[PDB]
Structures are given as C-alpha cells and as structure tokens.
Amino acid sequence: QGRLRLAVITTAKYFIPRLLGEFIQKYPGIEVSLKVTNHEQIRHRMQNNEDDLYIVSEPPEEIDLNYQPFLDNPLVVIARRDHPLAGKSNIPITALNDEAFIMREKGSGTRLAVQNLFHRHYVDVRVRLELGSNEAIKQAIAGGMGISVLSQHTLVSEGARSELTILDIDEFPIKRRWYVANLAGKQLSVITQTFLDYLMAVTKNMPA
C-alpha cells in the first residue's frame, strides 16, 4: 500500500500518466495523486513541501533540490502548415520579428525561455494572446492566430490531419530537459524511492 504525490509541469501531462500504467500494475497497492502545473506554481508547491517528487525543466532558483535529468524537453516553433515558412529550412531567427506570436501565461517556464531567447537575439514578436494552456495555444495556432513555441512533447497528441507544423528556425529547438527532483536532503519514502528508480530505469536511453 501507499500514496505517491507527483507534481509535474504542464508538458509532462501525457508522458507521466502513460508511465504510471506500467508502474501501477507492478505495485497494485500504490495510489498516485498527480498535480499538473506550471513552473511558478510548482515553486510554491515546493515551498510548502506538498509533494514527494517534482518534474521540472528549469530548477527554481531559491529552492534547494536534488534532481536528475531523465528526458530531453526540446521547445520548438510551431505554426500552422499554411504558414509561408512552413516547410522551409535554416530559417533565420530574424524571420520571427513582428510575427503574430501567442504566449503562455506569466509563470510559464516555456514563456520565460522564449522571452530570454528573443531578448538575447533582439527579436520582437507581436503578442496579443496570452493563453494559459499548451492545448489552448495549439488550438489558437490551428485557428490561424499565429505561431508559438511549445514543448515538442505537446505534439504527441497530433496525428492524422494535424494542421500544426514545426518551423525550422535557427536557435531552435530550445535545448531543455525534464528533471525529476525532490527537496534537497529530504528523506524519501520507499514508495517515492521506488518510483524514482522506476522512472530512471524506463527512460534510460530514450529519445524524443
């Protein structure tokens, strides 16, 4: 028996549940409660010590954590397939200037990495939609409301008649990783420790 409490960043909401399936067959006593949030909300969770484990791409600055990388999390430029640059290669990052660009909510680590990248490269995009969900943003792109940068893991749901496409823009993908983390020095439960080793083992040489 036992409860495992996971908090994960938004982009891990498909992967982790799917991994839970094998895990839970292997340990039928174990209950799992999963919270899905953005990086800002997950810092608070960590500050109130709410969970056993946290999955993050960017470690919160003011929290002391142990962690291991287990999977790449490349962030890519997504557009609709009728975009004029769809299908083109070696697109300079300068081509993004003044493009209609949908942003995630404040507190998103996705947004903060895009902002840092654009600042670093003197890129100015035209933002009028701040949409607090990866799925909302994919819908907006599909409805012709612009391009965005999201985790490539969000495109795993896209099949068949997917309107979405990755633009091969320079400086992309934003190289980023998923980490499994716990409060530094925190004595981990045996359930927690078991999941952690399970996660590390199943992901060992896995691509994205």
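Counting begins at 1, following the sequence as shown.
**Q** Tell me which stretch, 153-161 or 65-73, has the higher mean Cα B-factor listed in the entry.
**A** It is 153-161 that shows the higher mean C-alpha B-factor.
**Q** Highest mean C-alpha temperature factor of the two stretches 22-30 and 42-50, which is it?
**A** That would be 22-30.
**Q** For the C-alpha B-factor as written in the entry, point me to the maximum among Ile16, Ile9, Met200, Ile191.
**A** It is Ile191.
**Q** Of the three thirds of its chain by CA temperature factor, lowest, middle or highest, which one includes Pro173?
**A** CA B-factor rank for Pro173: lowest third.
**Q** Comparing against every modelled residue in the chain, figure out the third that the C-alpha B-factor of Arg126 lands in (lowest, middle or highest).
**A** According to the entry, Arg126 has a C-alpha B-factor in the chain's middle third.
**Q** C-alpha B factor of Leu183, ranked within the chain: lowest, middle or highest third?
**A** Within its chain, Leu183 is a highest-third residue by C-alpha B-factor, going by the deposited values.
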